[PDB]
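Chemist: Have a look at this one.
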Amino acid sequence: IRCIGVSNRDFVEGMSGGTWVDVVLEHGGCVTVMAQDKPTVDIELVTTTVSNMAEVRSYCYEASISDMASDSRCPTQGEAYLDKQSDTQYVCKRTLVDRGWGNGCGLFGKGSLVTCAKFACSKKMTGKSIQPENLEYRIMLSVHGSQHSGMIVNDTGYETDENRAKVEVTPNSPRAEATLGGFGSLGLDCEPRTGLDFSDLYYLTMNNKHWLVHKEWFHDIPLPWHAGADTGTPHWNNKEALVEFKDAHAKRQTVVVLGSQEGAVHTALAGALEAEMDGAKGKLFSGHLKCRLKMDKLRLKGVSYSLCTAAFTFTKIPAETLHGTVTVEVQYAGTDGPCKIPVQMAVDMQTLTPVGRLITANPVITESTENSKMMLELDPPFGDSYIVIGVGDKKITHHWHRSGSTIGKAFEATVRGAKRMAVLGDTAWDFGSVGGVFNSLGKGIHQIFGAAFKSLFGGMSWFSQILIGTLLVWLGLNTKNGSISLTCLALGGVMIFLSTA
Amino acid sequence: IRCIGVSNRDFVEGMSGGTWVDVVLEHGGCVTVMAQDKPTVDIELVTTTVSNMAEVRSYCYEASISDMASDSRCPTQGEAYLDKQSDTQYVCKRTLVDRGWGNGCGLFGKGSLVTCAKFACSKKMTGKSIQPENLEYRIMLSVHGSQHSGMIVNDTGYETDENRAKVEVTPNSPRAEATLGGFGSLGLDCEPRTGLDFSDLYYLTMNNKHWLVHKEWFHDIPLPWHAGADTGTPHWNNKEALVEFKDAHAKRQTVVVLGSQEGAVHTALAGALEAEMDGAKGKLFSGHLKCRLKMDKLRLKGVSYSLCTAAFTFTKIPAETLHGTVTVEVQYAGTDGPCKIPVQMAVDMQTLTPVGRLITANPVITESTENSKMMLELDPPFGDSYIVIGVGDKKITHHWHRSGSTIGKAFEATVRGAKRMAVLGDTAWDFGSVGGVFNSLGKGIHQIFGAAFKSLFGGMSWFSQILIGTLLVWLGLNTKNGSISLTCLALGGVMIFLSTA
Amino acid sequence: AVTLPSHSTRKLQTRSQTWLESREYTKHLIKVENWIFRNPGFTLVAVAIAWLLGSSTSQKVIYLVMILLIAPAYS
Amino acid sequence: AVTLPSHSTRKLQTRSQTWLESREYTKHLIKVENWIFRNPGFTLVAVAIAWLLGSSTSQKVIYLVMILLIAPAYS
């Protein structure tokens, strides 16, 4: 439920004796945390809301010049001067023009010419700063249990459902607990400060389109900027980055403004996360949290129930959810009340030996009317097998064939882990970890390599990474020495880092 | 007159026995053609008018998307389809989104999603082609003679002046003759087809600012273009160069348009000649003509006049016109009528030996009133000297000191010629030429080198020319072989070609 | 102005799409191919400079590649 | 629209200056110095590769220059 159709779901199984497990919730990726004896809960980070942002600059990407004037002095008579030259709204430029007896002067030579022109800006983009005491991650939870198909993305009603509960995690209140009625309460000891590193991100805003630009990039744009939250007539430092003074040859100097740089900066971002805004708060939809799941009071509701009698019936013939797991929906015809579904999977039906585990732990029927639907999820074995749902002779069966192999499983999981390590980087060592001398020492070594790599290369794009990766792999296949593994690991860390995007 | 204050004047002296001389009139540069016994005439190319241009493309640099729709199919159910997908006004894109039991489907997997969006363009730039039977160069002439200061740039009245006459030279009528009353008529055997090579130039037009873009550049812009002179609703081939389809992760695909590329193309020209337009004709103000001056009926008016008696007086104390030449304005107090001014320059006034030539040939007073002003132009010798204007004892004198040296003269002229050769290129061998086995064979060798250099490098900017020039000069100072003068002449032809701009 | 700095250097690496992702692979290749197709004469100049600067037959190839990349972008 | 081809290759040579000629000498130097200033460690990783490639002493310097020119343009 809530995570059964997602194409980027990860299963985190196993804890430290039932205490807790670390997870890294990403935007767009779901996490299914199945424990030993506890209900399977689905955790998903939905939004990241940045609030109370204060602006720093405002670049002017489309200007216009009003009345322009000029003044000229004869040669060897000083240099020109306009009254509107001491005005900080006029962009001016002085140059030397040829001056002679025909131009009304009295001496041949290079004169002097000053051209003023009023700078008035029409459109501008504001960049607001993000402080990490403003992030507020929202986490939606969902337990596998008394829920049918109409419970997966159906968000209409959670706090009256016993199965769905949202949790808002702020760096002011990092640990929050979700109340799942009957199942207990899952505890989340989040890390809402070490998220997407909002100490070097801004919030661009250009014509009702907001981005998440880097601070260094935002401080290097060559456009006329002013100091802050000015809504009146700003000062516009660096006006000369949009006007262009052209002298033809003679006593003439034309001033023309460059057009609207909106498109020129749209194609200049090309790496920035697109965000949105719902008023004063900026709602991001990309990033990641780092969460620890205290699962000690998540209890299994319905372990003392009685089995079902009979009359199960398949509705919505089972399906395969991109990972092998099977989503079965049943319909118990009976009035037993809160009973327990006797589901299992079996090779040849004589012995009924169980062969596959069950993703939804302890399925249970709670609705006591005669037609009570319920949705399971199994994890079949590789090869053909049967899905037995019931006891006695009125049990229903369904032939299932899970195409694949354990070697394919292992390679798929390795590719998954490599992508997670290329995306998250250092925090990828805290995804299923329970603590140790490997998932805590390897993280240190990976952190050292990550700092020494993001500070060394740290500034190349996809194409340049491919280029220097080929160069380094060729320096590895030649120049036989001890510094060859060094120029081949720096081929891997540059091809898989990009070339898995 | 008309060319005395210009900072880029060139003196062309000497012909083939009085027959003709070749000149290359540029925009912004004047030519003073002094002959042996003929009046000094000043030729200047003022405008180049291209008419009757027919457009080829129209790129759309600012678009907008109206109503957008979408459609989705369940997995293994085909792919999506919109009714507005067969419409050639809608830009669409198909992608696969995750689909499951929560999204209303019945099977887990990658679905199919098509997003249409109506493309409506608001602004566009038109590129018109230039045919060399449309150029019409206008050439303004002016003879040194009965003209005072109020005759230099004063264009109010030429065809009633005997001294100023405009000539319009079309490739339909290349040779035209200017009527200068009393002086005869100067003949111009122009070359209006081998001008600025208008077979590879277009006429951009973007928001009332016109340029002269190269054809190759104009055919490579990545923007939605249509076929021609469509004023209604065009077809807009290649719409997908301004829209951007973004899928978040789920069954969602947003379409956003990039902003106005006006500034992005303004900073992308950066090498194009800015032109103007006065209606349907495009008036350029940069280029060059190639003219031959048939001077056989340019006669010297006033060679049979009688000398002046006395009473000359300096008005507008002489000046130096950036080249050494001296512009003297006198005021003959007398009623002699059409007399002749006895001007000369002399070292120590005992012998009155003439030392400098006279730029204005045979100065003459024509006005017969008592206060008739007239403007000369001399070319003093290096050092101090006197300007004697008159005969007898009522002659006026003026001390003049021309600072310089003949070596400075020669180096200045060499720099002038080098700049002309870097700008005009091949045609720089036809600037004062009268024919020969040097000014006609050297032009062939220079033409060969020019073709083999504009086809070899031909595509580098100022910075890259500097770069490869340093690289080649360093390959010259090393790698001792016969191919070292080859990599040093290709250092000169790349530093002086640019690094004299 | 004319020196707008690209953000692809500092692109934010997340699970989601960046601003212009589909247009980021075939961009520099498009520019290089366009410039080379427009100015074919410079290929032999790059060849003649690489095949004269390099000593081994695999430093000449690297020099040719780096020149044919420096040219279409002008540093 | 992300690959607007620069027209400074086909520069029309005349007496008058072209469209943006004042803003043309310091256009690439600024783009290179901003990148070298924002990413200094690449100076070291470029010196390393130049020294590992160039057999001569005036060959590794050329490799270093060409790497520091190719990097801040990514093409």
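Every chain in the structure tokens has a letter given in the order shown (A, B, ...), and although residue numbers restart at 1 in each chain, ligands are simply numbered from 1 in the order shown.
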Near residue D:66, counting only C-alpha atoms, which residues have an atom at most 10 Å away, once you skip same-chain residues fewer than 2 positions from it, shown as a ChimeraX atom specification?

Modeler: /C:63,66-67,69-70,75 /D:46,50,60-64,68-71

Chemist: Over all C-alpha pairs taken in sequence order, what does chain D look like after a least-squares fit onto chain C? Please give it as a short mmCIF file (atom, residue, chain, number, x, y, z; two decimals) with C-alpha atoms, in the first residue's frame.

Modeler:
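Contents of the output file part_3.cif:
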data_model
loop_
_atom_site.label_atom_id
_atom_site.label_comp_id
_atom_site.auth_asym_id
_atom_site.auth_seq_id
_atom_site.Cartn_x
_atom_site.Cartn_y
_atom_site.Cartn_z
CA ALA D 1 25.99 39.56 -20.10
CA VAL D 2 27.94 37.60 -22.69
CA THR D 3 29.57 35.36 -20.05
CA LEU D 4 26.64 33.70 -18.29
CA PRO D 5 28.37 31.01 -16.19
CA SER D 6 26.91 27.57 -16.77
CA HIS D 7 25.34 25.88 -13.76
CA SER D 8 25.94 22.36 -15.04
CA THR D 9 29.20 22.29 -13.10
CA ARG D 10 27.40 22.53 -9.74
CA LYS D 11 24.79 19.96 -10.71
CA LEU D 12 22.50 19.12 -7.79
CA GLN D 13 22.40 15.33 -7.67
CA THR D 14 19.00 13.87 -6.77
CA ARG D 15 16.52 11.32 -8.10
CA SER D 16 14.46 13.73 -10.20
CA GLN D 17 16.10 15.20 -13.26
CA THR D 18 17.59 18.67 -13.19
CA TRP D 19 16.31 21.66 -15.15
CA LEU D 20 17.43 20.76 -18.69
CA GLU D 21 18.73 17.21 -18.51
CA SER D 22 17.33 15.72 -21.70
CA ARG D 23 18.99 18.61 -23.55
CA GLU D 24 22.38 18.02 -21.93
CA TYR D 25 24.07 14.99 -23.49
CA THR D 26 23.93 16.32 -27.06
CA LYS D 27 24.70 19.95 -26.20
CA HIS D 28 28.46 19.98 -26.78
CA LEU D 29 28.60 17.30 -29.46
CA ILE D 30 26.30 19.42 -31.63
CA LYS D 31 28.35 22.58 -31.09
CA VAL D 32 31.49 20.66 -32.03
CA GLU D 33 30.08 18.88 -35.08
CA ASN D 34 28.55 22.06 -36.50
CA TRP D 35 31.93 23.78 -36.34
CA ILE D 36 33.78 20.81 -37.82
CA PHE D 37 31.17 20.69 -40.59
CA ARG D 38 31.41 24.41 -41.37
CA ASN D 39 35.23 24.57 -41.19
CA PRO D 40 36.73 21.36 -42.56
CA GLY D 41 40.17 22.72 -43.44
CA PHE D 42 40.88 23.09 -39.75
CA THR D 43 40.84 19.30 -39.56
CA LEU D 44 43.94 19.36 -41.77
CA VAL D 45 45.67 22.21 -39.97
CA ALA D 46 45.01 20.36 -36.70
CA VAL D 47 46.36 17.04 -37.96
CA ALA D 48 49.48 18.93 -39.04
CA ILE D 49 50.12 20.48 -35.63
CA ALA D 50 49.28 17.25 -33.80
CA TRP D 51 51.76 15.32 -35.95
CA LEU D 52 54.39 18.05 -35.46
CA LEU D 53 53.95 18.02 -31.67
CA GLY D 54 53.30 14.43 -30.57
CA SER D 55 56.46 12.34 -30.44
CA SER D 56 54.56 9.10 -29.84
CA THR D 57 51.69 7.76 -31.92
CA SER D 58 49.12 7.80 -29.12
CA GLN D 59 50.30 11.29 -28.13
CA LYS D 60 49.69 13.04 -31.44
CA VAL D 61 46.19 11.55 -31.45
CA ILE D 62 45.55 13.10 -28.04
CA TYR D 63 46.90 16.43 -29.29
CA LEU D 64 44.61 16.22 -32.31
CA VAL D 65 41.56 15.51 -30.15
CA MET D 66 42.36 18.35 -27.77
CA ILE D 67 42.86 20.78 -30.66
CA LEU D 68 39.55 19.77 -32.23
CA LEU D 69 37.93 20.34 -28.82
CA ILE D 70 39.58 23.69 -28.05
CA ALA D 71 38.90 25.16 -31.49
CA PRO D 72 35.06 25.03 -31.65
CA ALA D 73 34.83 26.70 -28.23
CA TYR D 74 37.69 29.23 -28.54
CA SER D 75 38.63 28.61 -24.91
#

Chemist: Give me the residues of chain A that have any atom at most 6 Å from an atom of chain C; for each, the nearest atom pair and the distance in Å, rounded to one decimal. Use only C-alpha atoms, sort by chain and number, and format it as a Markdown table.

Modeler:
| residue | atom | partner | partner_atom | distance |
| --- | --- | --- | --- | --- |
| A:221 | CA | C:4 | CA | 5.8 |
| A:222 | CA | C:1 | CA | 5.6 |
| A:241 | CA | C:1 | CA | 5.4 |
| A:268 | CA | C:6 | CA | 5.0 |
| A:269 | CA | C:7 | CA | 5.0 |
| A:270 | CA | C:20 | CA | 4.6 |
| A:271 | CA | C:11 | CA | 4.3 |
| A:272 | CA | C:19 | CA | 5.3 |
| A:273 | CA | C:18 | CA | 5.0 |
| A:274 | CA | C:19 | CA | 6.0 |
| A:286 | CA | C:16 | CA | 5.9 |
| A:287 | CA | C:14 | CA | 6.0 |
| A:423 | CA | C:14 | CA | 5.9 |
| A:459 | CA | C:9 | CA | 4.9 |
| A:460 | CA | C:9 | CA | 5.2 |
| A:461 | CA | C:9 | CA | 5.1 |

Chemist: What residues in chain A have any atom no more than 7 Å from chain B when counting only C-alpha atoms, and can you write them as a list in words?

Modeler: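 That gives the following set of residues: residues 5, 6, 7, 28, 98, 99, 100, 101, 102, 107, 108, 109, 149, 150, 152, 153, 249, 258, 259, 260, 261, 262, 263, 264, 266, 319, 320, 321 and 322 of chain A.
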
Chemist: Quick one: write out the picked residues with N, CA and C atoms as a JSON list (two decimals), in the first residue's frame?

Modeler:
[["chain", "number", "residue", "atom", "x", "y", "z"],
["A", 5, "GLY", "N", 3.20, 0.14, -6.38],
["A", 5, "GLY", "CA", 3.37, 0.35, -7.80],
["A", 5, "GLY", "C", 4.57, 1.19, -8.16],
["A", 6, "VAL", "N", 5.26, 1.74, -7.16],
["A", 6, "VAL", "CA", 6.40, 2.61, -7.40],
["A", 6, "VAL", "C", 7.52, 1.82, -8.06],
["A", 7, "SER", "N", 8.18, 2.43, -9.04],
["A", 7, "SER", "CA", 9.25, 1.77, -9.77],
["A", 7, "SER", "C", 10.59, 1.85, -9.07],
["A", 28, "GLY", "N", 10.63, 10.33, -4.41],
["A", 28, "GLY", "CA", 10.34, 9.52, -5.57],
["A", 28, "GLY", "C", 10.59, 8.06, -5.32],
["A", 98, "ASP", "N", 36.59, 62.51, -33.46],
["A", 98, "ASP", "CA", 37.34, 63.47, -34.27],
["A", 98, "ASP", "C", 36.57, 64.77, -34.35],
["A", 99, "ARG", "N", 37.29, 65.88, -34.29],
["A", 99, "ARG", "CA", 36.70, 67.20, -34.24],
["A", 99, "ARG", "C", 37.54, 68.12, -35.12],
["A", 100, "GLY", "N", 36.87, 68.91, -35.95],
["A", 100, "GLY", "CA", 37.59, 69.78, -36.86],
["A", 100, "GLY", "C", 36.91, 71.10, -37.12],
["A", 101, "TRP", "N", 37.30, 71.77, -38.20],
["A", 101, "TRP", "CA", 36.70, 73.05, -38.54],
["A", 101, "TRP", "C", 35.28, 72.89, -39.06],
["A", 102, "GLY", "N", 34.94, 71.72, -39.60],
["A", 102, "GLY", "CA", 33.59, 71.52, -40.09],
["A", 102, "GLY", "C", 32.59, 71.26, -38.99],
["A", 107, "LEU", "N", 39.95, 73.74, -33.79],
["A", 107, "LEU", "CA", 41.22, 73.05, -33.72],
["A", 107, "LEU", "C", 41.01, 71.59, -34.06],
["A", 108, "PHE", "N", 41.88, 71.04, -34.90],
["A", 108, "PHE", "CA", 41.75, 69.66, -35.33],
["A", 108, "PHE", "C", 42.35, 68.71, -34.31],
["A", 109, "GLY", "N", 41.68, 67.60, -34.08],
["A", 109, "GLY", "CA", 42.16, 66.61, -33.14],
["A", 109, "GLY", "C", 41.02, 65.78, -32.59],
["A", 149, "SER", "N", -7.44, -2.26, -2.82],
["A", 149, "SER", "CA", -6.87, -1.46, -3.89],
["A", 149, "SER", "C", -7.19, 0.03, -3.74],
["A", 150, "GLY", "N", -8.36, 0.36, -3.21],
["A", 150, "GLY", "CA", -8.74, 1.75, -3.06],
["A", 150, "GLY", "C", -8.09, 2.44, -1.88],
["A", 152, "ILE", "N", -4.30, 2.86, -1.98],
["A", 152, "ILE", "CA", -2.88, 2.95, -2.30],
["A", 152, "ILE", "C", -2.45, 4.41, -2.46],
["A", 153, "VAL", "N", -2.99, 5.09, -3.48],
["A", 153, "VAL", "CA", -2.76, 6.52, -3.66],
["A", 153, "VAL", "C", -3.91, 7.36, -3.14],
["A", 249, "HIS", "N", 32.28, 56.37, -36.47],
["A", 249, "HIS", "CA", 33.65, 56.86, -36.58],
["A", 249, "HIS", "C", 33.76, 58.29, -36.09],
["A", 258, "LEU", "N", 21.01, 45.50, -24.69],
["A", 258, "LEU", "CA", 20.83, 44.12, -25.09],
["A", 258, "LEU", "C", 19.44, 43.64, -24.68],
["A", 259, "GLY", "N", 18.91, 42.68, -25.43],
["A", 259, "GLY", "CA", 17.54, 42.25, -25.24],
["A", 259, "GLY", "C", 17.29, 41.55, -23.92],
["A", 260, "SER", "N", 16.20, 40.81, -23.83],
["A", 260, "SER", "CA", 15.84, 40.14, -22.59],
["A", 260, "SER", "C", 16.67, 38.88, -22.43],
["A", 261, "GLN", "N", 17.46, 38.82, -21.36],
["A", 261, "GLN", "CA", 18.34, 37.69, -21.11],
["A", 261, "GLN", "C", 17.63, 36.52, -20.47],
["A", 262, "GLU", "N", 16.30, 36.49, -20.52],
["A", 262, "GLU", "CA", 15.55, 35.42, -19.89],
["A", 262, "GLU", "C", 15.92, 34.07, -20.48],
["A", 263, "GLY", "N", 15.92, 33.96, -21.80],
["A", 263, "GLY", "CA", 16.29, 32.70, -22.41],
["A", 263, "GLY", "C", 17.75, 32.38, -22.23],
["A", 264, "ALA", "N", 18.60, 33.41, -22.23],
["A", 264, "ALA", "CA", 20.03, 33.19, -22.08],
["A", 264, "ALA", "C", 20.37, 32.66, -20.71],
["A", 266, "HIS", "N", 17.91, 30.91, -18.88],
["A", 266, "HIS", "CA", 17.25, 29.61, -18.86],
["A", 266, "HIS", "C", 18.17, 28.52, -19.39],
["A", 319, "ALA", "N", -0.94, -9.71, -10.19],
["A", 319, "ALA", "CA", -0.04, -8.99, -11.08],
["A", 319, "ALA", "C", 1.36, -8.99, -10.50],
["A", 320, "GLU", "N", 2.33, -8.56, -11.30],
["A", 320, "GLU", "CA", 3.74, -8.57, -10.93],
["A", 320, "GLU", "C", 4.26, -7.14, -10.89],
["A", 321, "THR", "N", 4.77, -6.72, -9.74],
["A", 321, "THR", "CA", 5.08, -5.30, -9.51],
["A", 321, "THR", "C", 6.55, -4.99, -9.78],
["A", 322, "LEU", "N", 7.01, -5.29, -10.99],
["A", 322, "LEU", "CA", 8.29, -4.84, -11.52],
["A", 322, "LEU", "C", 9.48, -5.37, -10.73]]

Chemist: If you run DSSP on the backbone here, which positions in stretch 61-308 of chain A get alpha helix (DSSP H)? Please write them as number ranges by chain.

Modeler: A: 215-218, 262-269

Chemist: Write the residues you've just listed into a file as a PDB file, in the first residue's frame, and include C-alpha atoms for each of them.

Modeler:
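Dumped everything to again29.pdb:
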ATOM      1  CA  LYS A 215      25.119  29.978  -4.242  1.00  0.00           C
ATOM      2  CA  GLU A 216      28.408  30.175  -6.149  1.00  0.00           C
ATOM      3  CA  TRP A 217      26.575  30.208  -9.466  1.00  0.00           C
ATOM      4  CA  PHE A 218      24.136  32.859  -8.304  1.00  0.00           C
ATOM      5  CA  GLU A 262      15.549  35.417 -19.885  1.00  0.00           C
ATOM      6  CA  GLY A 263      16.287  32.699 -22.414  1.00  0.00           C
ATOM      7  CA  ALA A 264      20.028  33.194 -22.081  1.00  0.00           C
ATOM      8  CA  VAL A 265      19.789  32.399 -18.371  1.00  0.00           C
ATOM      9  CA  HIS A 266      17.249  29.606 -18.861  1.00  0.00           C
ATOM     10  CA  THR A 267      19.790  27.783 -20.995  1.00  0.00           C
ATOM     11  CA  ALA A 268      22.456  28.781 -18.471  1.00  0.00           C
ATOM     12  CA  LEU A 269      20.926  26.986 -15.511  1.00  0.00           C
TER      13      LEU A 269
END

Chemist: What's the separation between atom CA of residue A:293 and atom CA of residue A:26, in Å to one decimal place?

Modeler: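 About the pair atom CA of residue A:293 and atom CA of residue A:26: they are 15.0 Å apart.
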
Chemist: What residues in stretch 279-363 of chain A get the DSSP label strand (DSSP E or B)? Please answer as a short mmCIF file (atom, residue, chain, number, x, y, z; two decimals) with N, CA, C and O atoms, in the first residue's frame.

Modeler:
data_model
loop_
_atom_site.label_atom_id
_atom_site.label_comp_id
_atom_site.auth_asym_id
_atom_site.auth_seq_id
_atom_site.Cartn_x
_atom_site.Cartn_y
_atom_site.Cartn_z
N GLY A 282 8.43 27.59 -0.03
CA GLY A 282 8.90 26.94 -1.23
C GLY A 282 8.89 25.44 -1.13
O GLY A 282 9.65 24.86 -0.36
N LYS A 283 8.03 24.78 -1.91
CA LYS A 283 7.85 23.34 -1.81
C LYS A 283 8.75 22.64 -2.81
O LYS A 283 8.49 22.68 -4.02
N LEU A 284 9.79 21.97 -2.32
CA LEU A 284 10.67 21.18 -3.16
C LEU A 284 10.09 19.79 -3.34
O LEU A 284 9.32 19.31 -2.50
N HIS A 288 16.54 14.33 -0.15
CA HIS A 288 16.52 13.09 0.61
C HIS A 288 16.67 13.41 2.08
O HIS A 288 17.31 14.39 2.45
N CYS A 291 16.84 8.83 8.06
CA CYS A 291 15.90 8.50 9.11
C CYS A 291 16.31 7.21 9.80
O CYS A 291 16.88 6.32 9.18
N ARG A 292 16.02 7.12 11.09
CA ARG A 292 16.23 5.91 11.87
C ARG A 292 14.89 5.49 12.45
O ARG A 292 14.21 6.30 13.09
N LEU A 293 14.51 4.24 12.24
CA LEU A 293 13.17 3.77 12.56
C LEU A 293 13.19 2.99 13.86
O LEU A 293 13.54 1.81 13.89
N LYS A 294 12.79 3.65 14.94
CA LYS A 294 12.64 2.98 16.23
C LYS A 294 11.33 2.20 16.19
O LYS A 294 10.25 2.79 16.24
N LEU A 298 6.00 -0.98 17.51
CA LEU A 298 5.18 -1.35 16.36
C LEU A 298 4.79 -2.81 16.52
O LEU A 298 5.58 -3.71 16.19
N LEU A 307 -8.58 -18.54 12.39
CA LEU A 307 -8.45 -18.71 10.96
C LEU A 307 -9.80 -18.55 10.27
O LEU A 307 -10.85 -18.50 10.90
N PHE A 314 -10.92 -14.92 -5.94
CA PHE A 314 -10.02 -13.96 -6.57
C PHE A 314 -10.83 -12.89 -7.29
O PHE A 314 -11.67 -13.18 -8.13
N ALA A 319 -0.94 -9.71 -10.19
CA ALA A 319 -0.04 -8.99 -11.08
C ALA A 319 1.36 -8.99 -10.50
O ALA A 319 1.57 -9.36 -9.34
N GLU A 320 2.33 -8.56 -11.30
CA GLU A 320 3.74 -8.57 -10.93
C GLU A 320 4.26 -7.14 -10.89
O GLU A 320 4.23 -6.45 -11.91
N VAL A 326 4.09 -10.16 -5.94
CA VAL A 326 2.79 -10.39 -6.53
C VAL A 326 1.74 -9.72 -5.67
O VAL A 326 1.69 -9.96 -4.46
N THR A 327 0.90 -8.90 -6.28
CA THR A 327 -0.16 -8.22 -5.55
C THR A 327 -1.47 -8.96 -5.77
O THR A 327 -2.08 -8.85 -6.84
N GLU A 329 -5.42 -9.70 -4.65
CA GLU A 329 -6.59 -9.13 -3.99
C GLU A 329 -7.65 -10.21 -3.87
O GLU A 329 -8.06 -10.79 -4.87
N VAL A 330 -8.09 -10.48 -2.64
CA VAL A 330 -9.05 -11.54 -2.37
C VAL A 330 -10.35 -10.92 -1.87
O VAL A 330 -10.43 -9.72 -1.62
N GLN A 331 -11.37 -11.76 -1.73
CA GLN A 331 -12.69 -11.31 -1.32
C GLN A 331 -13.31 -12.42 -0.48
O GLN A 331 -13.88 -13.37 -1.03
N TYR A 332 -13.21 -12.31 0.84
CA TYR A 332 -13.69 -13.35 1.74
C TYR A 332 -15.20 -13.29 1.83
O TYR A 332 -15.77 -12.29 2.26
N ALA A 333 -15.86 -14.37 1.42
CA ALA A 333 -17.31 -14.48 1.48
C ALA A 333 -17.69 -15.18 2.78
O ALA A 333 -17.67 -16.41 2.85
N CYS A 339 -11.16 -12.32 11.26
CA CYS A 339 -10.44 -13.57 11.11
C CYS A 339 -9.09 -13.32 10.44
O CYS A 339 -8.72 -12.19 10.12
N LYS A 340 -8.35 -14.41 10.23
CA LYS A 340 -7.00 -14.36 9.68
C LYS A 340 -6.95 -15.15 8.38
O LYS A 340 -7.45 -16.27 8.31
N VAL A 343 -2.90 -17.67 3.89
CA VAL A 343 -2.27 -17.58 2.58
C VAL A 343 -0.90 -18.24 2.63
O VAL A 343 -0.21 -18.23 3.65
N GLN A 344 -0.50 -18.82 1.50
CA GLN A 344 0.82 -19.44 1.37
C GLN A 344 1.06 -19.70 -0.11
O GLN A 344 0.14 -19.66 -0.92
N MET A 345 2.32 -19.99 -0.44
CA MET A 345 2.70 -20.38 -1.79
C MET A 345 3.37 -21.73 -1.74
O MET A 345 4.11 -22.02 -0.80
N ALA A 346 3.13 -22.55 -2.76
CA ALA A 346 3.52 -23.96 -2.69
C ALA A 346 3.86 -24.50 -4.06
O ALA A 346 3.15 -24.24 -5.04
N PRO A 354 5.81 -24.63 1.99
CA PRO A 354 5.95 -23.20 1.66
C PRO A 354 7.32 -22.93 1.07
O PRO A 354 8.32 -23.51 1.49
N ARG A 357 8.55 -16.15 0.83
CA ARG A 357 8.17 -15.35 1.98
C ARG A 357 6.99 -14.46 1.61
O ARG A 357 6.56 -14.38 0.46
N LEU A 358 6.45 -13.78 2.62
CA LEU A 358 5.27 -12.96 2.47
C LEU A 358 5.64 -11.52 2.80
O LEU A 358 6.12 -11.24 3.90
#
